[PDB]
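Experimental structure and sequence below, a few questions after.
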Amino acid sequence: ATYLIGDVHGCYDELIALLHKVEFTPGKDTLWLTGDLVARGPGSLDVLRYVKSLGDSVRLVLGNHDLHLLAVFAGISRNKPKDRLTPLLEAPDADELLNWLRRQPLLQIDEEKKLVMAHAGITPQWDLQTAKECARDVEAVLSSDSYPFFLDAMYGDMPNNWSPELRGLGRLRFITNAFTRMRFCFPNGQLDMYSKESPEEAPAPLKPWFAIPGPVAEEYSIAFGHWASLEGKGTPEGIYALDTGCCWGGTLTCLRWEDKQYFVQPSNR
Ligand SMILES: [Mn+2]
Ligand SMILES: [Mn+2]
């Protein structure tokens, strides 16, 4: 069976309880995770140890908190107490866990399931070939010996409009923002990097990225996490918003792909 779970955010107990509810069995089943494995919840260290141990039984995409953890580890960014990352950063296997984490994808594609995953979704300004190339380019910098320079460069809110002509720092920043921070778009597909509200709470003319017809969404189902204020609701056919806010006191959601059946684990608080 194939299971897809939204942002875990260090909620190790809820993750394991949900996997036991569906009797997840590595070697028979595959787990897809929308990223943001770490921060806010208490068990980021246990989450990373477990997800790394799954090997080929898990298909991960990196989220914005996963990249932020890497930036803290590399001395690029300051550790925020609220993120609760210190046990992971101080662990004796921190190097092993985080060198594994930075090698993971930003984008997963299964052609037989006609299924795409990324943390925030797929901007409507990208076709599939472009999304693949952009994921490959950022994955290459993150997996390289020089990844702290990219982590430092990734911070920024501009440019917010895609063009194949983008080069350099702006190209990489846009790619990172589209895969890991996107929520709202302007009508022309341009990213808005400020509003984090629900679609009904947002100011005009902002619309969800998935409300703008895009070439990927026209041919593939898209699963994503990230947008907790969406509460997993309000999406069109073929768009699966899996982040129901476990770390915020919401729920952890798991979708089984074969029958589109949902399983939910309440937050422990
Ligand atoms: Mn998140
Ligand atoms: Mn996120």
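Alright, I've got the coordinates. Numbers count the residues shown, from 1 in each chain. Ligands and ions are numbered 1, 2, ... in the order given.

for this structure, what spans make up the helices?
Read by DSSP state H, the chain holds these helices, from start to end of the chain: 12-21, 44-53, 64-73, 86-89, 94-101, 128-142, 147-154, 168-180, 215-219.

Tabulate those helices (a markdown table), appending distance to ligand 1 and mean neighbour count.
In this view, the C-beta of every residue, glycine as well, is placed from N, C-alpha and C. Below are the helices of the chain laid out as a markdown table (distance: least, C-beta to the ion, whole Å; neighbours: other C-beta atoms under 10 Å):
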| stretch | distance to ligand 1 | mean neighbour count |
| --- | --- | --- |
| helix 12-21 | 14 | 18 |
| helix 44-53 | 12 | 20 |
| helix 64-73 | 6 | 23 |
| helix 86-89 | 16 | 17 |
| helix 94-101 | 15 | 16 |
| helix 128-142 | 18 | 17 |
| helix 147-154 | 17 | 18 |
| helix 168-180 | 9 | 20 |
| helix 215-219 | 21 | 16 |
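
roughly how far apart are the residue nearest the centre of the chain and ligand 2?
With the centre of the chain defined as its mean C-alpha position, the nearest residue by C-alpha atoms, centre = their mean is residue 119, 2.3 Å away. Residue 119 sits at a distance of 6 Å from ligand 2 (criterion: C-beta to the ion, to the nearest Å).

What of residue 68?
Distance of residue 68 to ligand 2, computed by C-beta to the ion: 9 Å.

I figured that residue was touching residue 39, is that so?
Yes - Residue 68 is within contact range of residue 39, at 7.2 Å (criterion: C-beta atoms under 8 Å).

In the stretch 101-250 of the chain, which residue sits nearest ligand 1?
As assessed by C-beta to the ion, ligand 1 sits closest to residue 226 within the stretch 101-250 of the chain, at 5.4 Å.

Identify the residue nearest that residue in space, chain neighbours excluded?
For residue 226, the nearest residue in space outside its immediate sequence neighbours is residue 120; the separation is 4.5 Å by C-beta to C-beta, 6 or more residues apart in numbering.

Neighbours of that neighbour, how many?
Per other C-beta atoms under 10 Å, the neighbour tally for residue 120 reads 25.

And the one 4 residues further on, by the same measure?
Residues within reach of residue 124, counting by other C-beta under 10 Å, total 22.

May I have the phi/psi pair for it?
For residue 124, the backbone dihedrals are phi -60, psi -10 (criterion: degrees, to the nearest 10).

quick one: the closest residue to it other than its chain neighbours from residue 51, how far?
With sequence-adjacent residues excluded and distances taken as C-beta to C-beta, 6+ apart, residue 124 is closest to residue 214, at 3.1 Å. Summarising the geometry, the distance separating residue 214 from residue 51, computed by C-beta to C-beta, to the nearest Å, is 29 Å.

about what we covered before: any residues in contact with both of residue 68 and residue 39?
residue 83 (C-beta atoms under 8 Å, 6 or more residues apart in numbering).

How about the residues of this protein by ligand 2?
Residues of the chain found near ligand 2, taking C-beta under 5 Å from the ion as the criterion, are 36, 63, 64, 226.

Show the contacting residues for the first one.
The reference is to residue 36. Residues in contact with residue 36 (C-beta under 8 Å, 6+ apart) are 7, 8, 9, 63, 64, 65, 66, 119, 225, 226, 243.

Wait, residue 102 touches residue 70, no?
Yes - under the criterion of C-beta under 8 Å, residue 102 makes contact with residue 70 at 5.4 Å.

hey, what's in contact with both of the two?
When contacts are counted by C-beta under 8 Å, 6+ apart, residue 102 and residue 70 are jointly contacted by 142, 147.

give me every residue that touches residue 77.
In this structure, residue 77 makes contact with 68, 71, 151, 155, judged by C-beta under 8 Å, 6+ apart.

so how far is ligand 2 from the last one?
Read it as residue 155. For residue 155, the distance to ligand 2 - C-beta to the ion - is 15 Å.

Going forward, the N-terminal residue is numbered 618.
With the count now opening at 618, the last piece we talked about shows up as residue 772.

Great, nothing more from me.
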